[PDB]
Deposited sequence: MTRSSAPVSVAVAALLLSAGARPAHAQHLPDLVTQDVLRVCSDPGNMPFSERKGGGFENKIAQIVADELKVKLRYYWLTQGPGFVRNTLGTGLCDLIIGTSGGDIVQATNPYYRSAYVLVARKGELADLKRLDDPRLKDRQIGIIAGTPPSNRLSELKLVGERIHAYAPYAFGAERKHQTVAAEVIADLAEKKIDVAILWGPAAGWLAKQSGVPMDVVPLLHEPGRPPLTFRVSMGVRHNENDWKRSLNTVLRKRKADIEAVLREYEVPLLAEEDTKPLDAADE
């Protein structure tokens, strides 16, 4: 029986009801291996505290995403880069310690207008999106696979722009985590059910990058 290390409250990634896209992906992997699926639930030292499989974190990567810029639709048209001069007077929200914070300090985007959230709402990224919907901030810098679905649930239209022009890097490949023969069997599953896994990522508005 496939045992997956997952979070019972971490939408859009996973939830105990099985509604996250990593639950759908773990269900695809279990069906491919002709086996049942069970979870060891724990809240996100998650790894060594936790089962046999981690869906998102190594095996061959099955998608590549980036940190994104999120803003209310129509307020910062064509916003693509962190050095855009329109951000100098904007309230910016970001999770403290995340990779983009080095570029913010590099561009002197520091101080009062920078809302650093510590890593009411299910996740900290959900709160940042909610603060953006309630105009408590004007710009949100979050991990793509989380912000895409969360923006769809916010209630106000938003623009999700992947950060591709920032010189640490802000783009990351995502693989499964684990026994290199077991990693070999999982790489086989990712290679076969690629079209099904990629369709699940698109349904949850996960920004997908090439290469």
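- prompt: What ranges of the deposited sequence are left out of this structure?
  reply: Model skips 1-36, 81-82, 89-93, 101-107, 170-176, 225-226, 238-240, 274-284 of the deposited chain.
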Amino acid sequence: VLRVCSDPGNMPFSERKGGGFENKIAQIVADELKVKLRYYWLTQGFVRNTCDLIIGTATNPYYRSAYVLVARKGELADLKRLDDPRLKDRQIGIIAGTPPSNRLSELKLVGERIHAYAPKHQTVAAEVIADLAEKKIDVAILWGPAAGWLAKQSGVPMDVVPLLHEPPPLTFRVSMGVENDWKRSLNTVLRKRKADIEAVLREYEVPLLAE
From here on, numbers count along this sequence of modelled residues.
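field: Of 187-195 and 14-22, the one with larger mean CA B-factor
entry: Looking at the record's C-alpha B-factors, the answer is 187-195.
field: 27-35 or 153-161, whichever carries the higher mean Cα B-factor
entry: The deposited B-factors put 27-35 ahead on the C-alpha mean.
task: Can you pull the Cα B-factors for 74, 99, 93, 119 from the entry and say which is highest?
output: Highest C-alpha B-factor among the listed options: 119.
Candidate residues 113, 86, 136, 81, the one whose C-alpha B factor the record puts highest: Highest C-alpha B-factor among the listed residues goes to 113.
task: Grab the CA temperature factor for residue 59 from the record and place it in the lowest, middle or highest third of its chain.
output: Its C-alpha B-factor belongs to the highest third of this chain's values.
message: Using the temperature factors of the C-alpha atoms in this entry, rank residue 177 within its chain: lowest, middle or highest third.
response: It belongs to the middle third of the chain when residues are ordered by C-alpha B-factor.
query: Among the modelled residues of its chain, does the C-alpha B-factor of residue 66 lie in the lowest, middle or highest third?
result: Its C-alpha B-factor belongs to the middle third of this chain's values.
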